[PDB]
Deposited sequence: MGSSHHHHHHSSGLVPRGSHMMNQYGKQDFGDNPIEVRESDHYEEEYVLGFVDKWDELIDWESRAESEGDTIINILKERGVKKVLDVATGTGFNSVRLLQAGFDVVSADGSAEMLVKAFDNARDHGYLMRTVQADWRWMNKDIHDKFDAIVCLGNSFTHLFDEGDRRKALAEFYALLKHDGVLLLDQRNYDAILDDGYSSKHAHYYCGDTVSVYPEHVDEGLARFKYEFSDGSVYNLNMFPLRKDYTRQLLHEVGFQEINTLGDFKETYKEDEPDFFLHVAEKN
């Protein structure tokens, strides 16, 4: 699918055109950075680099970072965004399903953020991806993996979620247990529609346990502009031991 990659490349361009990273950094806060700091983390592998926000935040924070993504095109955008923030990014093109094909080091932590794991629609692929991440971690390593709160949608909810003030709204057009389609509308009128797999919180936790992770703490993460009783995101902190 040539067009589908081009469609998503258009989407991330729009996201970064209209949402500046300083605002996003202020909002995210330093919870993730603090979690890594408290564990004495030095080497981090970003497996979902995208246009590089998480990686650049981590480089800025002083971590040694390897930035991987399945998409060469994303990595080019990430390297240039890093360059613009004054950092040399270490990029590696790699598919989650065979990560150690081109990555030969072990890491203190792996981050898989921005609701990325949701892009896998096959359960075999999910297991493989997690086993690949698990193998890339040092004995005392940690996996940080987030996701949208799909439970809230599946059990109720049919309204838009806004991010960075009203810069973008995210509306669930169709959600069932095998597929969520979101409409993203930006403040300039741009609309993009994206498919993803609606991971239940406990299903993700179960997968992490099943491939070998010893302890998993799931945190509620309220990112949206207009807060509800339920978090719109979950962050899983999975310790290899």
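Q.
So, counting the deposited sequence from position 1, which segments are absent from the coordinates?
A. Seq positions lacking coordinates: 1 to 40, 197 to 199.
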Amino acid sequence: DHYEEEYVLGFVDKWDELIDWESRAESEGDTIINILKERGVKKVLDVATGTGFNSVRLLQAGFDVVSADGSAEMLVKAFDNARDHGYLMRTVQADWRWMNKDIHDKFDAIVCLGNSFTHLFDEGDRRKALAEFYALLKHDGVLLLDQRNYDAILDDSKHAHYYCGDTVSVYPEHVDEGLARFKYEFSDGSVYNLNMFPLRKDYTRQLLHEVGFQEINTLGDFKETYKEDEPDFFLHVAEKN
From here on, numbers count along this sequence of modelled residues.
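Just so we're on the same page, rigid core means the largest C-alpha set that superposes within 1.5 Å between forms.
Q) Taking RMS over all structures and residues, which stretch has CA atoms farther from the shown form in 5 other deposited structures of this protein, 186 to 194 or 23 to 31, after a rigid core fit? A) When 186 to 194 and 23 to 31 are compared in 5 other deposited structures of this protein, 23 to 31 lies farther out.
Q. In 5 other deposited structures of this protein, superposed on the rigid core, which stretch sits farther off in Cα RMS terms, 134 to 142 or 157 to 165?
A. Checking 134 to 142 against 157 to 165 in 5 other deposited structures of this protein, I find the farther stretch is 157 to 165.
Q: Determine, for stretches 22 to 30 and 181 to 189, which one has the higher mean CA B-factor as deposited.
A: Stretch with the greater average CA B-factor: 22 to 30.
Q. Comparing 1 to 9 with 230 to 238, which has the greater mean CA B-factor as deposited?
A. Mean CA B-factor is higher for 1 to 9.
Q: In terms of CA temperature factor as recorded, identify the highest of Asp156, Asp125, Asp146, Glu73.
A: Largest recorded C-alpha B-factor: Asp156.
Q. Looking at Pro198, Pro172, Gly52, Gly40, which has the highest CA B-factor as recorded?
A. Of the candidates given, the C-alpha B-factor peaks at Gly40.
Q) Among the chain's modelled residues, which third holds the C-alpha B-factor of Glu210? A) It belongs to the highest third of the chain when residues are ordered by C-alpha B-factor.
Q) Going by the entry, which third of its chain does the Cα temperature factor of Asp64 land in? A) CA B-factor rank for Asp64: highest third.
Q: For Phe117, return the chain-relative third of its C-alpha B-factor as stated in the PDB record: lowest, middle or highest.
A: Within its chain, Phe117 is a lowest-third residue by C-alpha B-factor, going by the deposited values.
(Q) When the deposited Cα B-factors of this chain's modelled residues are ordered and cut into thirds, is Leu194 in the lowest, the middle or the highest one? (A) CA B-factor rank for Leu194: lowest third.
Q: Going by the recorded CA B-factors, say which third of the chain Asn81 sits in, lowest, middle or highest.
A: Middle third, going by the recorded CA B-factors of the chain.
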